[PDB]
Amino acid sequence: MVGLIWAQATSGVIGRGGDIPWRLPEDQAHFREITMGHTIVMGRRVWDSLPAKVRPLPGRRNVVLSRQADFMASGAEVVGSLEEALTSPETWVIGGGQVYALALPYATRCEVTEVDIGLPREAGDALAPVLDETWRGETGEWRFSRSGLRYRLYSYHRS
Ligand SMILES: NC(=O)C1=CN([C@@H]2O[C@H](COP(=O)(O)OP(=O)(O)OC[C@H]3O[C@@H](n4cnc5c(N)ncnc54)[C@H](OP(=O)(O)O)[C@@H]3O)[C@@H](O)[C@H]2O)C=C[C@H]1C(=O)c1ccncc1
């Protein structure tokens, strides 16, 4: 089982300038619930985007994909290919744009948070993968964040 988990603006943007272009701390508990106790896989840039105090993400085996055969990530497993990354029975891919696109064909679950923020795509942004008709989904109810942003959860699956 490979699952993907991300948060996106309605437009599809998930990343800009090396970070996430909104604040949504309400997202954190759901991300932990899905991922805790499991192997998580991320691209090298996503690892770089984690603050030092939070990386590796605790309670999860952190696996970092990089083409640098020598790359350095304390508390994480650096691998050079997605096949090497994917060895655990249940794996959650936690980004970024490159790695979601790489892992999508392997995935049978996505847990998506949609952020109701007006954020037109710009060139060079990180973007969420598009889910086609092979996926079936349930849409959750909108909630307001302490930031003022509405957000909602989708759970998608395909067998
Ligand atoms: N909104 C989001 O949900 C996310 C945004 N981000 C954002 O995406 C952006 C990073 O995505 P990118 O597409 O630029 O990069 P990555 O996919 O993380 O890494 C690409 C790197 O992986 C590596 N890579 C890519 N393809 C391969 C490959 N085929 N083989 C080996 N390595 C590969 C390469 O590494 P090296 O340069 O060290 O060689 C490549 O440069 C940042 O803005 C980041 O803040 C990342 C994860 C999530 C995320 O943090 C997250 C997930 C769930 N809930 C809340 C947040």
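Swiss-Prot numbering applies to chain A: residues 3-161, in that order.
A Cβ is built for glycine as well, from the same backbone N, Cα and C atoms used for every other residue.
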Identity of the substrate-site residue among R62, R63, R138 (reference: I7, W8, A9, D29, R34, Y102, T115, source: Swiss-Prot): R62
Entries of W8, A9, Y102 (binding-site residues) sitting next to ligand 1, with Cβ under 6 Å as the cut-off: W8, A9
Residues satisfying Cβ distance under 8 Å from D29 (substrate binding site), sequence separation of at least 6: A9, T115, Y153
For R62 (substrate binding site), the three-state class that DSSP assigns: coil
